[PDB]
Structures are given as structure tokens and as C-alpha cells.
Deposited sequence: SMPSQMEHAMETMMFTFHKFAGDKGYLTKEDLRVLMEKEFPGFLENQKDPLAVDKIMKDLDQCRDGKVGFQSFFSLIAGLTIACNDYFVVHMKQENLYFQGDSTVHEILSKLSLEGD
């Protein structure tokens, strides 16, 4: 079982953790997901409506429901942002990721 395989299971599991049997996420589920998995990210997002704006920009998501693919769309967004930053403003990682996420805001 790879580090990579584990990363993938984590992604799947996290989604399901929060979605529950119904199989998608609403704003509420998503909100709490982020609060727990991306701590501080939303607070430091200098915004009250932040999570709402996010949904709108997710892959396919204008009916309150978020699929795994929509969700993964979010990961892609964050991760890439992290990397583009990491690539620029540093070169070390033996969290750093936690530190970068704090600097990021949406468009």
C-alpha cells in the first residue's frame, strides 16, 4: 500500500465521511468538511460568504449537490495552487502544505 494509494483512499474516504449514505455533499457538509480538513482556510479567507462562492466555481455544481468529481475538482484547485506556490517560494519538504493553504484565496 503506497503513500500515493493511501492519499487516494484518503480522498475517497474523506468525501464519503462527510457525504454519508446520500452520496453527495451540500453546502453544509462541504462547510464542515473544509473546517475540519482545511483548518483556518476559511477563517483566513477574509470572507463570510466564502464557501458559497466556491461551490459556484466547482466542476458541476449549481443545485446544491456536490459529486466526487466536483469535489476532486476542488482538491485539484487547492493542490495545484499549493504547488505553483511551493515551486516558486521554496524548495523543501523533507506541514508546508498547511502553511501554503493559509496564504491562498479564491478568485
*Do you know which deposited regions have no coordinates at all?*
1 to 2, 97 to 102, 116 to 117
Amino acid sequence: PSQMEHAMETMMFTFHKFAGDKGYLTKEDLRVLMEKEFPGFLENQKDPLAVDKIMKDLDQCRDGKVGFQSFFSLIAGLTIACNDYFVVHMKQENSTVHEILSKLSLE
From here on, numbers count along this sequence of modelled residues.
*On average, are the C-alpha B-factors higher in 81 to 89 or in 16 to 24?*
81 to 89
*Greater mean Cα temperature factor according to the PDB record, 62 to 70 or 42 to 50*: 42 to 50
*Third of chain Cα B-factors occupied by residue 106*: highest
